[PDB]
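One structure is given below, encoded as structure tokens.
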Amino acid sequence: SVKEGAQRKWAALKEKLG
């Protein structure tokens with residue numbers, strides 16, 4: 001469960017940094 005949530009955050013930040 002914790003892994004799933006973190007995933008959404010990971011990609012989120014990744015997108016921010018072009």
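Order determines the names: the first chain of the structure tokens is A, the second B, and so forth; residues in each chain are numbered 1 upward, and ligands are numbered 1 upward as they are shown.
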Residue set, chain A restricted to helix (DSSP H, G or I), as an MDAnalysis selection string: chainID A and resid 2:16
Those same residues - N, CA, C and O atoms - I'd like them written as a CSV table (one decimal), in the first residue's frame.
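Ended up saving to out_17.csv:
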```
chain,number,residue,atom,x,y,z
A,2,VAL,N,1.8,1.3,0.9
A,2,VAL,CA,2.7,2.5,1.0
A,2,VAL,C,3.5,2.7,-0.3
A,2,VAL,O,3.7,3.8,-0.6
A,3,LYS,N,3.8,1.6,-0.9
A,3,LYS,CA,4.5,1.7,-2.2
A,3,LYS,C,3.7,2.4,-3.3
A,3,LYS,O,4.2,3.3,-4.0
A,4,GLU,N,2.4,2.0,-3.3
A,4,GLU,CA,1.5,2.6,-4.3
A,4,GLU,C,1.5,4.2,-4.2
A,4,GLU,O,1.7,4.9,-5.1
A,5,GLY,N,1.2,4.6,-2.9
A,5,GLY,CA,1.1,6.0,-2.7
A,5,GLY,C,2.4,6.8,-3.1
A,5,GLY,O,2.4,7.7,-3.8
A,6,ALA,N,3.6,6.3,-2.6
A,6,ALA,CA,4.8,6.9,-2.9
A,6,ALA,C,5.0,7.0,-4.5
A,6,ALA,O,5.6,8.0,-4.9
A,7,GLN,N,4.5,6.0,-5.2
A,7,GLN,CA,4.6,6.0,-6.6
A,7,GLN,C,4.0,7.3,-7.2
A,7,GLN,O,4.7,7.9,-8.1
A,8,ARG,N,2.8,7.6,-6.8
A,8,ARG,CA,2.1,8.8,-7.3
A,8,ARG,C,2.9,10.0,-7.0
A,8,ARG,O,3.0,11.0,-7.8
A,9,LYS,N,3.6,10.1,-5.9
A,9,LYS,CA,4.5,11.2,-5.5
A,9,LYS,C,5.7,11.3,-6.4
A,9,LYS,O,6.2,12.3,-6.8
A,10,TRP,N,6.3,10.1,-6.6
A,10,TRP,CA,7.6,10.0,-7.4
A,10,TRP,C,7.4,10.6,-8.7
A,10,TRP,O,8.1,11.6,-9.1
A,11,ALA,N,6.4,10.1,-9.5
A,11,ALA,CA,6.2,10.6,-10.8
A,11,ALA,C,5.8,12.1,-10.8
A,11,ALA,O,6.3,12.9,-11.7
A,12,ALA,N,5.1,12.5,-9.8
A,12,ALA,CA,4.7,13.9,-9.6
A,12,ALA,C,5.9,14.8,-9.6
A,12,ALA,O,5.9,15.7,-10.4
A,13,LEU,N,6.8,14.5,-8.8
A,13,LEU,CA,8.0,15.3,-8.7
A,13,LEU,C,8.9,15.2,-9.9
A,13,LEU,O,9.4,16.2,-10.4
A,14,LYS,N,8.9,14.0,-10.5
A,14,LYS,CA,9.7,13.8,-11.7
A,14,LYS,C,9.2,14.8,-12.8
A,14,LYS,O,10.0,15.4,-13.5
A,15,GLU,N,7.9,14.9,-13.0
A,15,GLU,CA,7.3,15.7,-14.0
A,15,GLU,C,7.7,17.2,-13.8
A,15,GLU,O,8.0,17.9,-14.7
A,16,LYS,N,7.7,17.6,-12.5
A,16,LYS,CA,8.1,19.0,-12.2
A,16,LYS,C,9.5,19.3,-12.7
A,16,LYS,O,9.7,20.4,-13.3
```
